[PDB]
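Novice: Dropping the structure in here first, questions after.
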Amino acid sequence: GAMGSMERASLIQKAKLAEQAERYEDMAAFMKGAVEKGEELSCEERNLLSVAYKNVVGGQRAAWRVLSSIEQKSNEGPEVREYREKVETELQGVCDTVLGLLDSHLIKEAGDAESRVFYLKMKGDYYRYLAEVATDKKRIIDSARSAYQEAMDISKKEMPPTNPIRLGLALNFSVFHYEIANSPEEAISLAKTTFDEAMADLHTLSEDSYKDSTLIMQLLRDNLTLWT
Amino acid sequence: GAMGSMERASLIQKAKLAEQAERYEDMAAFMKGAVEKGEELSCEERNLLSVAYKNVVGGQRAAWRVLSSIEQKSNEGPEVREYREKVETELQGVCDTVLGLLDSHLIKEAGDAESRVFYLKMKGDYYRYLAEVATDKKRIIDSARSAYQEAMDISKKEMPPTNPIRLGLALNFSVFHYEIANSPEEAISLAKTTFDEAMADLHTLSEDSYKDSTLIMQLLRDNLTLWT
Amino acid sequence: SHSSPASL
Amino acid sequence: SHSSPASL
Ligand SMILES: Oc1ccc(Oc2ncc(Cl)cc2Cl)cc1
Ligand SMILES: Oc1ccc(Oc2ncc(Cl)cc2Cl)cc1
Ligand SMILES: [Cl-]
Ligand SMILES: [Cl-]
Ligand SMILES: [Mg+2]
Ligand SMILES: [Mg+2]
Ligand SMILES: [Mg+2]
Ligand SMILES: [Mg+2]
C-alpha cells in the first residue's frame, strides 16, 4: 500500500488535516492506510474513517444521480451511458474498498457493541450504496439487510435507545426499507418506534448527550413527515 | 494520452456532462483530451477548458491556504509541512499541465483577438497561481506579468472596453498587482480606469451583452471598495 | 430521505 | 480579492 511507509499516528494526523482542508479523497486514503496497520480503531478513528468515505461516495452518488437522470431523459450516442458507467464503476470501487476493510479485518476483531454495531451499520450502508446503482441486485439488497439486522439485534441488546450509533443505524435501516426494499410501512414503523423509545430515554442524558441524540431524532421526524 | 482513443466530439460532450455533475477533475481530463486532438478551440470550448481547470485548481488553492495557515500557526512533527507540500505539488502539477497545453500549441495557433487574449490571460492566471505558493518566485512573477501584459496590449488594440474577456483580464491583472506584485496603487489605477472606460461604452451594447459586462464591472467595484 | 451523519 | 469568472 502507498501508505505502508507512514506511521499510524502520522496517518491519523493527516486525515484530520485533510478533513479541515475538505480533501476527503486524501482523508480516505490516510484512514485506509491507518486501518491497514492492523490495530483496532478508536471511537474517534472510526468516525474519521466514516466521514472520509461518506464524503467520497456522497460526491459519487450525487454525480451518478445527475447522469442517470440525463440518461433516462435521453431514453424518453453512447456518451451519456458511457460516462454514467464510468462514475458508477468508480462508486462501486469505493464501496468495495470500504467493504474490504470491514471484512479484513475490522468486523471480526470488533467485540465491543459500539465498534461492532458501527462497523455492521457501515457494511449495510455501503451495500445500500451498491444497491442504489444495481440492476446481483437482489443479493446486494439481502447483504445490506443482513448487515443492518445483525447491527440492530446487537444494538437493542447492548445500547440504550438514545445511543447515537443505535439511532443512526435505525435511521439508515429505515431509509433502506423505504428507498431500497420497497417497504415503506416497515420504514415508518421502525422510524416511529425508534423515535418514541428514544424520547422516553432522554431524561437519563447529560446536556451534551441530549444534543447528540435529539439531532438524529430530528432526522427520523423529518423522514416521517416526508413519508406520511 | 488516456483520452487518445475517444472522439473529439465525445470528449466535448462528456466535459459538459461532467460540468453538470460537478465532476471537474473529469471535466479537465476530457478537455485536455480535446485540446490534444490538435484543432483550435471554439469560444465555447475555451470556456469549458477554463471552467474545468479553474475549479480543479480552486479546490487545491483553498486547501493549500487552510494547510499553510495551520503550518504558520505551528511555527508561532513534519506532518503539517509534508501534507502542505503534497497539496502544493499537486497544485503545481495542474498549473504546469495547463501551461503546457497553452504552450503546445494553443497560444501559437491563436490569431484572433478573442482567443489569443483568452489564452494569454490564462497563462498569466496559472503563473499567478504558481506565484501564490512560490518562495523561482521572482521569475514566476515576471512570467505572469509578461503574459498579462501581452494580453492587455492586444485587448486594448482589438477589443472594446466592455468586452468580457478584456474586462476579466484587467480584473485579474489588477489582482496580480495587489496580491502578488506588492503594487496596490497600480492595482487601484487599473481597476478604476477599466471600470470608467467600460461605463462609457455600455451604451453600445444589447441587453444581454450589457448584463455580461456589468457583472465583471461589479467585481472591479467590489475590489476597489476592499482596496480603498 | 435523510440518512445518518457519518460521525456518531 | 475577487478574480474573474472562468467563463467569459
Ligand atoms: O401510526 C403513526 C402515527 C403517526 C405517524 O407520524 C409521525 N409519528 C411521529 C413523528 Cl415524530 C412524526 C410523524 Cl409525522 C406515523 C405513524
Ligand atoms: O482616485 C480614486 C478615486 C476613487 C476610487 O474609488 C473608487 N473608484 C471607483 C469605484 Cl467604482 C469605486 C471606488 Cl471605491 C479610487 C481611486
Ligand atoms: Cl467515459
Ligand atoms: Cl503527505
Ligand atoms: Mg510505527
Ligand atoms: Mg399503511
Ligand atoms: Mg475523429
Ligand atoms: Mg496612494
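All positions are counted from 1 along the displayed chain.
Recorded method for this deposit: X-ray crystallography, 1.8 Å.
Using the three backbone atoms N, Cα and C, a Cβ is placed for every residue, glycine included.
Copying in the features that the PDB entry gives for the protein in this structure:
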- B:1-5: expression tag (SEQADV)
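Dumping what Swiss-Prot says about this protein:
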- B:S10: phosphoserine (MOD_RES)
- B:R61: site 'Interaction with phosphoserine on interacting protein' (SITE)
- B:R128: site 'Interaction with phosphoserine on interacting protein' (SITE)
Novice: Same chain, outside the expression tag (B:1-5) by at least 6, Cβ under 8 Å from its Cβ: which residues?
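Specialist: Here the qualifying positions are 11, 29-30, 32-34, 36.
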Novice: Just jot down the residues in the same chain as B:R61 (site 'Interaction with phosphoserine on interacting protein'), at least 6 apart in sequence, with C-beta under 8 A of its C-beta; none if empty.
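Specialist: Listed in sequence order, they are B:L91, B:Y129, B:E132.
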Novice: Pull the DSSP breakdown for the expression tag (B:1-5) and write it out as helix, strand, coil residue counts.
Specialist: 0 helix, 0 strand, 5 coil
Novice: Have a look at the recorded positions (B:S10, B:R128) and report the one with the fewest Cβ neighbours inside 10 Å.
Specialist: B:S10
Novice: In this deposited model, 2 residues are left out between B:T135 and B:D136; how far apart are their Cα atoms, in Å?
Specialist: 7
Novice: Whole-number Å only: compute the distance from the Cα of B:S10 (phosphoserine) to the Cα of B:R128 (site 'Interaction with phosphoserine on interacting protein').
Specialist: 32
Novice: How many Å separate the Cα atoms of B:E76 and B:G77 across a gap of 6 unmodelled residues?
Specialist: 14
Novice: Identify which of the following recorded positions, namely B:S10, B:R61, B:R128, place a Cβ less than 6 Å away from any atom of ligand 4, and list them by sequence position.
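Specialist: Among the recorded positions listed, not one has its Cβ under 6 Å from ligand 4.
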